[PDB]
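Here is the structure we will look at.
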Amino acid sequence: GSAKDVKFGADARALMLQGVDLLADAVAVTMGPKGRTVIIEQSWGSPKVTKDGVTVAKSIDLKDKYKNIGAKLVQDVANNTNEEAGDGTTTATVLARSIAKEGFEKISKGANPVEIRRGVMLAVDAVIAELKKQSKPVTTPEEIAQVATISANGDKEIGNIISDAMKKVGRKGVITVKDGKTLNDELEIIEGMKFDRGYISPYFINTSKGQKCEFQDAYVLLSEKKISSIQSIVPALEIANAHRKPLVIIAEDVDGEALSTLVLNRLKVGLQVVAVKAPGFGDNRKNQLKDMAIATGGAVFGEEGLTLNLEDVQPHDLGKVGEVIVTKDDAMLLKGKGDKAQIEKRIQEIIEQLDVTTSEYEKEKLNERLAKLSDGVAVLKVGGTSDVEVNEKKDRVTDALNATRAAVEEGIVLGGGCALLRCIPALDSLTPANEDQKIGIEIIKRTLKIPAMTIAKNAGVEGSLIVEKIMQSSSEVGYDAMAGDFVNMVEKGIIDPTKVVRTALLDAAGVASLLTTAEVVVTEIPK
Amino acid sequence: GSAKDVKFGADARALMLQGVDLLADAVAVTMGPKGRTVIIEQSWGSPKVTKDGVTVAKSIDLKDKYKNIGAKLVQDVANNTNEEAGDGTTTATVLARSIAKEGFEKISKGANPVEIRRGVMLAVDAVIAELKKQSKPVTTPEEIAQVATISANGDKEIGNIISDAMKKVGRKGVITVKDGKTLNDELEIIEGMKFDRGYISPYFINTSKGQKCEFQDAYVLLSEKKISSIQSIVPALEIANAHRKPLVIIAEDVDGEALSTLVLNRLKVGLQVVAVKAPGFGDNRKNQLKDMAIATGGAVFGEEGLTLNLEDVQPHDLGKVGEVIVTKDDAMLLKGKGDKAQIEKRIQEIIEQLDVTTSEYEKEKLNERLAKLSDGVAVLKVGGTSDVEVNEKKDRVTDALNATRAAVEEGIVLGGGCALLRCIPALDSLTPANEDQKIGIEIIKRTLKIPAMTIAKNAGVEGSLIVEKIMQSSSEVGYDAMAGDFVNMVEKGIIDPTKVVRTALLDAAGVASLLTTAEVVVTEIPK
Amino acid sequence: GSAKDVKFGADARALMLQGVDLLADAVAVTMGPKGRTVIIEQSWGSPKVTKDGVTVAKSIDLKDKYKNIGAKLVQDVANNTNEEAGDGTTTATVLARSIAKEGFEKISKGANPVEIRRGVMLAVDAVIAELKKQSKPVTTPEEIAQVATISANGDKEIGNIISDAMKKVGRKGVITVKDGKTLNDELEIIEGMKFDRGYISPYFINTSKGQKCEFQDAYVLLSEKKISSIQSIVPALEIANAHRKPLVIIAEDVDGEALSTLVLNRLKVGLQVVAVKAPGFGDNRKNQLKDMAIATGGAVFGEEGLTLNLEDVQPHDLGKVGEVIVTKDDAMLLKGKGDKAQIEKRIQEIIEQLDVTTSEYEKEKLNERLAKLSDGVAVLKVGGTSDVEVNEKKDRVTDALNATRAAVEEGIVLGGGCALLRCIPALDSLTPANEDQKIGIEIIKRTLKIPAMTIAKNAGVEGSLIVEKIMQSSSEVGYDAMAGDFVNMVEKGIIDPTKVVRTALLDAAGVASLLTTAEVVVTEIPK
Ligand SMILES: Nc1ncnc2c1ncn2[C@@H]1O[C@H](COP(=O)(O)OP(=O)(O)OP(=O)(O)O)[C@@H](O)[C@H]1O
Ligand SMILES: Nc1ncnc2c1ncn2[C@@H]1O[C@H](COP(=O)(O)OP(=O)(O)OP(=O)(O)O)[C@@H](O)[C@H]1O
Ligand SMILES: Nc1ncnc2c1ncn2[C@@H]1O[C@H](COP(=O)(O)OP(=O)(O)OP(=O)(O)O)[C@@H](O)[C@H]1O
Ligand SMILES: [K+]
Ligand SMILES: [K+]
Ligand SMILES: [K+]
Ligand SMILES: [Mg+2]
Ligand SMILES: [Mg+2]
Ligand SMILES: [Mg+2]
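The following block contains the structure:
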């Protein structure tokens, strides 16, 4: 319904290329070890300093709508690369700009850009097959540290701390990045079942040094329903007092009558009890209670299908731990006495629940449940003096974690853009179906030198000479742009994940080669 | 009541022709195998790349209201062609522009454009009769693959996957296109009675390998009313326990009492039961329940007319299945033991229900029920690396499905615009009533060369020489613009549906010949 | 989504440096004893005159977005230095401007600004280690007075009054600044437990000379619940009348029946009673009541876990005070007769509660409770003839308290910028890893003379000659810019807190060295 402007052919393609060139020229300055940063103004306060390609891409829009179309398409390239792999967005941006420029140069009257796109995709398939052929799996934690160090702009402390976290909680474990109140980065390992639910009554503290509740070899009473009646808590207290053992009551809530009974028996006769609210909101709360029951060797009272009531409690029905810490903010359970076979069965059930899930919010919850049933979670606290420093370093820590996970799942190739450089003879061994497919294959072949050229150009040297000397060298030798040397890349640690490289190439090609099929561009007339 | 501007004659016709010419020049670049794409800016995000004619047409509005009138009329041409046939909108746009231009050139003082319109419609009737005379029915799945390949811009994989879907679910079956999370396209065939309602309680899972409920040779209890009381569910459980067979209960819902009984019997004694909500949101829900009862050999309980009660259930009253799969999001019934004659009677009743409806939404539900009763449905998942490529390919998959259905229902003619080229002697055999009808017949005769000329022009060659060489050749010889040679069109697979060609010609002519009857154009003053 | 402007390299860096330079040039005029003030217009009335660096920094925003980015970054520096330390924001501003300018000058094609940042942070670590080596603890109240005098722009009366406050309530005690209605500053020491709730009924006044209620050796009845009934107040009156001793009833509230009984007993028969509302809203009210019970040797009635009722009150259950003062607005308790070891246990419990707190709102509440239990609080009332004068002097009093607290916790170094000047040989004893780290070390080395140069430049002398003559002198000799001569800084009292100096240096370096890594700046289009 709105009035439209319509452009045809080379003028529209030139304007779209100007937009692509602006966004890629702003992104490409951040590539490699000698890459620089981009300052983006935020409308609500302090500006953001970043070295992340998708962050620079997403934060650029142009007043010219023909240039903004190309900007949005390269934004789609960088965002798809960020979603699929979590790293390699700058590489994807420069590859997409190169494919778009070389495809725009090759459009003539007799050219068929759709067949050029077909040739581009065939060449990308060949290059991805070569990348999977030349990849090797990660088998040492030193390779993990090298991947996390390269992906964090040569920061060996971030690589070492990610390697330590992955040593402790496992290669497929849960690691969460957050900010820190200290100048230095730190790694905290949370083992057992720790959840962020504190006390219900402050009077339950029996360790005034840390203002916390401390028991050893304690009974555990787990309730799916909120414990309200006094008759629902008297037999459990009777068991816990007749056996002379502490009692941790984890429930949905505890009302005033049961709280008054617990606090009276704590402050008057000296009963070792503590009440903790059940973590979670909804079905995940019930799943976490079942996990705690299996880990502690108890049964959950208040079942909505089994109807287990709190008035007939047996000593075998109660779970057992060998240490519990209850703080005002959180509570943890240590060395639960649950049966190992049932714990393994619950772990297998969680793993099989992970196979059918697509919401990507239930997967995180299930992974957290699996981690709490296993060696635990790792928290990386990122240090700095200001919020802008912490955000800039946290983007790099997230990049290193994503690249390390991709290297774990799919292996490693040579870093520095040399992996794409070693795939050129696999395009030289290709027979095109026609001239347009040949044009597309040559477009991809010329594009395969772009990441190494950009990394060398950011280092202040002539990238074409560097790429020529890499291609004249052996297959193990590439260019260390940090030292400015020609080195064995595996022995020097410059390595990339295979997944990141192929994700960047595929996501750049699929959009740029479709952008180079256009003849007419329709925009709205600006108001 | 708004102030108006009024234009007379040749200036108004020139402005409307400028609008028609702009829209047709933006649409015509997408025609043929060597056609290109159009990028349309979307206001909310990523732009849209398309080769579809009606998408380019509908997305163009002009600030000049006199040009916008012609643009809206040729939009109506493309939209009517899309509604009737689902393909051929670019052909319709270029035919409409040709008729409008030739009719605007032929208006003089002594001319009668209404009689010119009469001659145009008479010529179009002659051409449509010739097209139906020269059409051939589709009798091989190879022709199906050829039609779907030509309609999907020469993609052989889309044509092959549509041919496989149409082999499996039938030539009049249900085939639904949707997006895919994988780079490649896939075809999923859903057989039996699968609906979008999963379980009710997660305790019914007896196969945790895929988090699903798995039974073989199960009883089915189907209820049109909600199952809430204990006495509504106890006799059915008694029958299922006495005969020692599983029981799936498909109802409107299951309230807490019956659900508690079902879960308690599932967990404690080990009763093989599962509860599923009835699919649908109204009358279609009851129709689907009746179809399930006929397919499974049972009866629907709680019927509004028959008044069947759940408190007196017989073993013959329950339906039977050979296998039922109940997952979290869907449930399916396989190998129903219903009577074949009643299934055929229900199928015939559904077929006769299709002949007395025109809402185009109940028709889809009736076709889905017919597919679930006889052959199942097919789902084409379209692959790509980004959403823009997925949408661009999904447009062509939809075009190929529409063209294949049109070819099934009405047959095929020659592709490449040669079918319209072979209808010119039929116009040479006509005798006009007067001079204006002769003018209209000549307008249609000159218009009939336009699609082949446009297809050859987009390929980079001179279209007039190509059209002359086609008309000088045999009736089976046309121009392969993809290979750029002169071939047997049927043997090379370059074929079109007759319905698409005649729909495009009729829809272009009816609006453009009425546009060429105008003398005064009234617009609003732009505020 | 908004249209963006993008700038590259030296032009963007020049604009950002222009913003940094304007903000630092407005802040730097306030540095040192001969610094001047800044008048900031306030939109709701009288302007604000200030000598505080963070106040000038926070109150400057620019219409040019590229200059505003640098202004916001130096504002972040000053705000961080204000939050961690409470002083030294002008020093941090000038250090940040120096690091930003020297880093912008050193960027070339072959330069790597990230490694330059690495060298900057390594040099700052060396300088902070040297500062901690050359620091000495505060051991005399004369040093406290000297620190508070230097931090209050040479006002020896503010330094003397802060030294007296820290003599009376301790160096870790609670000291609160507020305005005064008198031209001169004054210090008020509040001992005992004084809270903000006066009487309830005006008939309780037994000393009309000050309109106050005055008892000596009084019983104290504390209630956690609202005393409302006759039975809830009768036996306390019975024992206080049988022992012939006054009664102070501190409760949540007193309803009409109990209040009528108390007023009738006071007016008719002459009962020495007074009712006081319980200070606080929430858990802090209950904690203050427990503090008063431990201090007075009584028990809290109406406990939510102990359930102690007001109908069985014993003489030992009541607390005892040596003197109570009750006025209209406040009430205080003096010489409570509580057991000393329980008071010490409560004090240690409060101290251990202070170990785990992060809200920084409960921390001041716990500190106020600890002050009301150990040694009272100090209030500094700032004098002046107008509100602008009182605000300008209150800023300096707050600066002096913050610097005094930092000197208590972390020690002192030489004032006048000489402490940073004595850390230059510790950078001369550093071996850089490469050329860019050498550049960063030289940037910090040239930056270390900036505060002394600015202090000397504000005094009207040539700062470079002063800094050269300081560095040619002994390690104890600096420049008194107030007297304008070279003196012994420790013997003249010109000393700084170590924490303030290291906080300013670290906060300036961490942000300026990250600002000097930028190559692209993205701002929004000004609407
Ligand atoms: N010392 C080095 N010598 C040569 N190449 C290096 C060196 N360190 C890293 N690289 C290469 O530089 C690239 C990393 O660049 P960078 O991390 O800035 O961008 P990216 O991974 O494409 O995207 P993103 O901006 O999202 O992180 C990789 O190809 C990596 O192999
Ligand atoms: N290889 C070929 N050689 C010659 N003509 C071809 C070839 N492939 C397809 N055609 C012809 O090109 C036309 C298809 O063009 P296209 O599908 O772009 O437009 P359309 O059907 O008019 O509209 P729509 O945009 O809705 O698909 C048909 O007439 C078809 O017969
Ligand atoms: N008489 C003096 N001679 C020399 N230097 C002095 C003298 N008095 C104070 N100084 C120095 O001047 C500096 C104090 O400056 P000023 O208090 O104005 O700013 P600041 O501490 O950087 O920040 P803020 O504006 O937040 O107070 C300190 O370095 C102090 O040692
Ligand atoms: K980057
Ligand atoms: K088309
Ligand atoms: K100052
Ligand atoms: Mg990276
Ligand atoms: Mg088509
Ligand atoms: Mg100061």
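Protein chains in written order, with the deposited numbering: chain M, 1 to 527; chain N, 1 to 527; chain L, 1 to 527. Positions of the beta carbon are idealized from the N, C-alpha and C atoms, including for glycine.
Asked	Found
Any beta carbon from chain N within less than 8 Å of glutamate 352 of chain M's own beta carbon?	yes
Starting from the N-terminal end, write out each residue whose C-beta falls within a distance shorter than 7 Å of any non-hydrogen atom of ligand 5.	N/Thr30, N/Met31, N/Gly35, N/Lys51, N/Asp52, N/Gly53, N/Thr90
Mind listing the chain L neighbours of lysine 34 of chain M? Cutoff is C-beta to C-beta under 8 Å, in chain order.	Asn112, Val114
For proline 246 of chain N, which of helix, strand or coil comes out of DSSP?	coil
Does the distance from the CB of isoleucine 347 of chain L to the CB of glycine 415 of chain L come in under 8 Å?	no
What in chain N is Cβ-close to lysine 245 of chain M, meaning under 7 Å?	Chain N residues near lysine 245 of chain M: none, gap ~30 Å exceeds 7 Å.
Can you grab the Cα-Cα spacing for the pair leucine 318 of chain N / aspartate 196 of chain N, in whole Å?	22 Å
Considering only heavy atoms of ligand 3, does any lie closer than 7 Å to the CB of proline 202 of chain M?	no
Helix, strand or coil for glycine 297 of chain M? Go by DSSP, reduced to three states.	coil
Cutting at 8 Å between CB atoms, please list the residues of its own chain near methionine 31 of chain L, excluding the five before and the five after it.	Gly53, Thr90, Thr91, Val94, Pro451, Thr454, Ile455, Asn458
I want to see whether chain L comes within less than 8 Å of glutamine 75 of chain M, judged by CB atoms only; does it?	no
Kindly list, in the order they appear in chain L, the residues whose Cβ is closer than 8 Å to that of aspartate 61 of chain M.	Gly1, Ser2, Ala3, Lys4
Mind checking whether the beta-carbon of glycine 88 of chain N lies closer than 7 Å to any heavy atom of ligand 2?	yes
List, from N- to C-terminal side, the beta strand (DSSP E) runs of 3 residues or more that fit wholly inside the region 158-226 of chain N.	174-179, 186-190, 193-195, 213-223
Taking the alpha carbon of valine 487 of chain M as the point to measure from, which residue in M/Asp496, M/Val477, M/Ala481 has its own alpha carbon closest?	M/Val477
With a 10 Å radius around its C-beta and 16 neighbouring C-beta atoms as the bar for buried, classify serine 513 of chain N as buried or exposed.	buried
Does ligand 7 have even one heavy atom less than 7 Å from the beta-carbon of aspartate 399 of chain M?	yes
Can you give, in chain order, each stretch of the alpha helix (DSSP H) that sits fully within the region 269-293 of chain N and has at least 4 residues?	none
Just to confirm the assignment, what range does the alpha helix (DSSP H) spanning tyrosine 66 of chain N have?	65-85
For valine 263 of chain N, would you say it is in contact with chain M, using Cβ-to-Cβ distances shorter than 8 Å as the test?	yes
For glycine 173 of chain L, count the other beta carbons within 10 Å of its own beta carbon; 16 or more makes it buried, fewer makes it exposed. Which is it?	buried
Identify the contact partners of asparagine 153 of chain M in chain L, using a Cβ-Cβ distance below 9 Å as the criterion.	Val114
Please list, in chain order, all residues of the same chain as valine 127 of chain N whose beta carbon is under 6 Å from its beta carbon, the five residues on each side excluded.	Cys423
If the cut-off is 7 Å on Cβ atoms, which residues from the region 503-526 of chain M count as contacting chain N, listed in chain order?	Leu506, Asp507, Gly510, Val511, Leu514, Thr517, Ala518, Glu519, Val520, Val521, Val522, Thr523, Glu524, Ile525
Three or more C-beta pairs under 8 Å: does that hold for the region 12-22 of chain N against the region 31-47 of chain M?	no
Considering Cα atoms alone, identify which of L/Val313, L/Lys51, L/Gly256 is closest to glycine 88 of chain L.	L/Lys51
Residue ranges of each alpha helix (DSSP H) run of no fewer than 4 residues wholly in the region 348-429 of chain M, ordered along the chain?	362-372, 387-410, 418-421, 424-428
For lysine 209 of chain N, go through chain M and note every residue whose CB falls closer than 9 Å to its CB, in chain order.	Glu352, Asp355
Give me the residue from L/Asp61, L/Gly9, L/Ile233 with the minimum Cα distance to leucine 22 of chain L.	L/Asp61
So, is the C-beta of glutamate 191 of chain N closer than 8 Å to a C-beta in chain M?	no
Just curious, the beta strand (DSSP E) that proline 497 of chain M is in, first and last residue?	495-497
Relative to ligand 7, is the shortest distance from any of its heavy atoms to the C-beta of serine 429 of chain L smaller than 7 Å?	no
Is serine 43 of chain L close to ligand 9? I mean its beta-carbon at under 7 Å from any heavy atom of the ligand.	no
Are there 16 or more other CB atoms within 10 angstroms of the CB of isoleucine 189 of chain M, so buried, or fewer, so exposed?	exposed
Quick one: what's got a C-beta closer than 8 Å to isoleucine 439 of chain N's C-beta in the same chain, skipping five residues either side?	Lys106, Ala111, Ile116, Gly119
So, are the CB atoms of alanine 152 of chain N and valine 397 of chain N less than 8 Å apart?	yes
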